[PDB]
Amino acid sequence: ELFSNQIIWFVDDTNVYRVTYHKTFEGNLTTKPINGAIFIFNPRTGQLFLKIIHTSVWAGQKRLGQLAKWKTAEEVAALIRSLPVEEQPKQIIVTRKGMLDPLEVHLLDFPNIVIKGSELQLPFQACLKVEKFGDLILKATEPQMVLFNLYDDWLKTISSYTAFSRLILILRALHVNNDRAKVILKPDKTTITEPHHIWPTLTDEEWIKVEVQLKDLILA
């Protein structure tokens, strides 16, 4: 499975094609695309490749929902081609089944790479309301890739499996109730997030309490 000898990426395409709806004064529907992102995530190291997708790519094109899956597959292949072979993933796990065929067709030059689907709940969409990603995506004027470390300094003291489990609880809790999750994640008036970190600096005891509360929020 995960946390072995091989490089694994999760790929989430959920947030690539995003639109806002508006009812005009004339009573018609406008559907305006807004910038999206592909999340490509290494659960062992915490590395996130955030590929920001600028609305220009949609041009005057149709069925943008299906096309978006192909755009995602194109970008994953482009990233793989830009990496030395030793940094290429051995397995790619797609969070949505619609990515299986587009990725299969785009990765035919990489017979070493195993593609599979998943039933895991890994809502990277929660990141769109984490200010550090949200504004970056909103304000982009062209496509670009940005690297992050989603585990902050956790791996100094906990294993990759432990870090992944904490991250998933954070994302799922933010997804199900953003406002309440943010309160849970700020236990003290003194609680801060370092400028180069994504998540707060909490004591070991604070994390125990937070992990239980996040889980309960998800169960609710």
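A residue's number is simply how far along the shown sequence it sits, counting from 1.
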Regarding 110-118 and 71-79, which shows the higher C-alpha temperature factor on average in the entry?
110-118
Hey, which bit's got the bigger mean C-alpha B factor in the entry, 145-153 or 123-131?
123-131
From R44, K182, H54, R172, can you pick the one with the highest C-alpha B factor in the entry?
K182
So among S159, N177, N35, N28, who wins on Cα B-factor in the entry?
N177
Could you say whether, by C-alpha temperature factor, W207 belongs to the lowest, middle or highest third of its chain?
middle
Could you place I198 in the lowest, middle or highest third of its chain by Cα temperature factor, using the values in the record?
middle
Among all modelled residues of this chain, ranked by Cα B factor, put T24 in the bottom, middle or top third, i.e. lowest, middle or highest.
middle
